[PDB]
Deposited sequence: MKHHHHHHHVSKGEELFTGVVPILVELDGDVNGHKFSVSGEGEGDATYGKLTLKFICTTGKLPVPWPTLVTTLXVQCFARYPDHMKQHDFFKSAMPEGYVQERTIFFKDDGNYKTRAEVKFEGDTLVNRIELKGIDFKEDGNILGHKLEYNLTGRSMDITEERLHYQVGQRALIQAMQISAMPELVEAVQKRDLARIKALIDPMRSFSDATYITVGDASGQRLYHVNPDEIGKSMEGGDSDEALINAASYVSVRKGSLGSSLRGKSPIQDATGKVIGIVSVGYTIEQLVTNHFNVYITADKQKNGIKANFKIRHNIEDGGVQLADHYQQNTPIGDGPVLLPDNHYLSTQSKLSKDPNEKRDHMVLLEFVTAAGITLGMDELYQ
């Protein structure tokens, strides 16, 4: 064998460490990140902790700064994966984030493998911020919800379906859920699904009994009523796991369904993990990537509109540059983009100022080429 380099280092789950040292208008802070990435699904699960106390800036403005080497590049685009090609020596990621009518971030980061762990060490410098503004004043919603009805991205819709079915099958197989469904323990079911729902980027998780009556729902007034859509019988009766598109109480949604079975294999319930069509076509950002031949790397210029609390949008104009750390050859890609979806949540057992991040990054924009 040979030592793994490039995409060979991302064939499985890779531990992640993130270290941010920030300085915004003299307010210094540091963030310690911890998690893992699975480039097979473009999946990132990270937990960030402010090791200096309170964060002087909103957590959503640090998401982009706080590892696109875990992007899910399809087989026909793996020759355009600059991020992985620079591994393990890694790349330098530089950004200037212009917050409209406010200050700006300047971030320099080294994303490289340190041992078997992918590490993102960032230095952030923020200047010209107004203390009463949306950033220093903590006036932004705690989310990173996209608002771009953009492309057909058919393959990406299937991937969320795969993502929904993986969750539905995993949740339906949980022994604590099976026992709670048997005893019809609504409070126990709620206690099991609530944390997973807050972490998951899915719009909803629905738990039904053997006849399709809801034992759990995002709206408690829907508990006890029948599930809506007419696509639950194949799991309730035939014990099948599948993906379907039907209209539920929350509208038309892309949903993965799996039966809940006791030890004898008898169907006792059903789990439905769904993504509304609205969230499916809107909640995402496209990081359009182009090659920078002279600087031997890539450039990225995208926009993020942080929702201001009680109305308004705070534009965060990103200008990104990635250059290799080593001298080895790197993939200079054709024009493409990274479809990124983020779900910001909180650890209920964490007293320190923190942010839990679930993130899916998928490369697209280059067809298979069949003419």
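In this chain, the deposited residues that lack C-alpha positions fall in the ranges 1 to 7, 74, 380 to 383.
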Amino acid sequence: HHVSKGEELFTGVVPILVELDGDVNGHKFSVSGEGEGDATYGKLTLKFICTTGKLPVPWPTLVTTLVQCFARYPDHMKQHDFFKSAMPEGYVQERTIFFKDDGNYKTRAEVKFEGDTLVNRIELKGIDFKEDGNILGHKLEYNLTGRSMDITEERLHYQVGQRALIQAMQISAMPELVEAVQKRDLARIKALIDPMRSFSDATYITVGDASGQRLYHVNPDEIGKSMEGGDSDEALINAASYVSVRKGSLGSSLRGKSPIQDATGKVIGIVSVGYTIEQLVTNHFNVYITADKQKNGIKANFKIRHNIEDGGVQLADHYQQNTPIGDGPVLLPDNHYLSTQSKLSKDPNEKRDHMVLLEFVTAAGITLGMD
From here on, numbers count along this sequence of modelled residues.
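Of the two stretches examined, 124 to 132 and 208 to 216, the record assigns the greater average C-alpha temperature factor to 124 to 132. Look at the mean CA B-factor for 73 to 81 and for 292 to 300 in the entry; the higher one is 292 to 300. Listed residues 238, 253, 258, 148 were ranked by CA B-factor as deposited; 148 comes out on top. Comparing C-alpha B-factors across 96, 200, 276, 172 in the deposited entry, the largest value falls on 96. Residue 117: CA B factor lies in the middle third for its chain, per the PDB record.
Among the modelled residues of the chain, residue 11 sits in the middle third by CA temperature factor in this PDB entry. Sort the chain's modelled residues by C-alpha temperature factor and residue 270 lands in the lowest third, per the entry. In the deposited entry, the Cα temperature factor of residue 33 places it in the lowest third of its chain's modelled residues. Compared with the other modelled residues of the chain, the Cα B-factor recorded for residue 246 ranks in the lowest third.
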